[PDB]
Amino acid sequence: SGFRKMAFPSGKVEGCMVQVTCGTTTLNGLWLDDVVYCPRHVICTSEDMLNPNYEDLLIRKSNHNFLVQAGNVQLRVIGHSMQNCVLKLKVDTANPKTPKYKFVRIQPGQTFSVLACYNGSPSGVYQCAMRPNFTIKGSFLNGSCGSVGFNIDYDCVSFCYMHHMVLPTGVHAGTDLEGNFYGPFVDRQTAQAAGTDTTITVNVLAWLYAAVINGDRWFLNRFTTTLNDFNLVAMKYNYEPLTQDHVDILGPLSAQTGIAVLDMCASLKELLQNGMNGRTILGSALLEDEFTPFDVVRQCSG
């Protein structure tokens, strides 16, 4: 009756990670087909990062200022383009380890795996959520920059995130693989406020369903509620509003457990209003919001 926060197998992504340097600045890149992708701030020093003019900085850089490494192999560049906040470095060899892949822009509340790398070398993999305020609560030390987030469907790697910045608050911000930031953030070493963050209500519910499936059902009550009245309580505890789309998305879990989505919401309501009284759910003392309904399904069905 086990339930673990599982990342996707990282093998397809490991063979795509490279090192990218200029000057004192090294970070991680992603080598796909004949293109390396990395944060454009690789071209900056720490002084440049206060107020970088990326256009003007990019004009001063030589191909040969960019040392792309891959293990104990150094690669060579034949064309370079800035797309938003990503640098595309066309290279002298198409990665033979290129998986089938797509680039996707995910929505707040969606999950993905991160392959944390230091210097183009994989160190670890973890599963996380994109927060409603478009930050990531990551584990990123000096030069985990350029580490990517992904989902795997069948044979296809869907790349959705590239780490760019740690905010003064210690949370992470990054871009899609076209180089557009998630959230209001910019690649400048400046004061940048994230929004109020909220809990991903639909994910919490999914995880309560996981808990029922795995045999942990003390929090079930025979109260119910409407969506509208649930959302009154939710809004008070900085939970995201739940929509009928969210209810629809929970239907397979409702079907499996014989527990109506709106009855699970009424359980959650009592949890929010009364706490856990020192009890745990799936071995956790807080309500977990980093499993989507899809994640719970995938893990419960194989």
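Position 1 is the first residue in the sequence shown; the rest follow in order.
- The mean C-alpha temperature factor is higher for 53 to 61 when 237 to 245 and 53 to 61 are set side by side.
- When the mean C-alpha temperature factors of 78 to 86 and 179 to 187 are read from the deposited coordinates, 78 to 86 comes out higher.
- When the Cα B-factors of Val91, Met165, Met130, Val114 are read from the PDB record, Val91 comes out highest.
- Going by the entry's values, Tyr154 shows the largest Cα B-factor out of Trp218, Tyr161, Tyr209, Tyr154.
- In the deposited entry, the Cα temperature factor of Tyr118 places it in the highest third of its chain's modelled residues.
- In the PDB entry, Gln192 places in the highest third of its chain by CA B-factor.
- Remark: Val297 belongs to the middle third of its chain, ranked by C-alpha B-factor as recorded.
- Looking at the C-alpha B-factors along this chain, the one for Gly278 belongs to the highest third.
- The PDB entry assigns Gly23 a C-alpha temperature factor belonging to the highest third of its chain's modelled residues.
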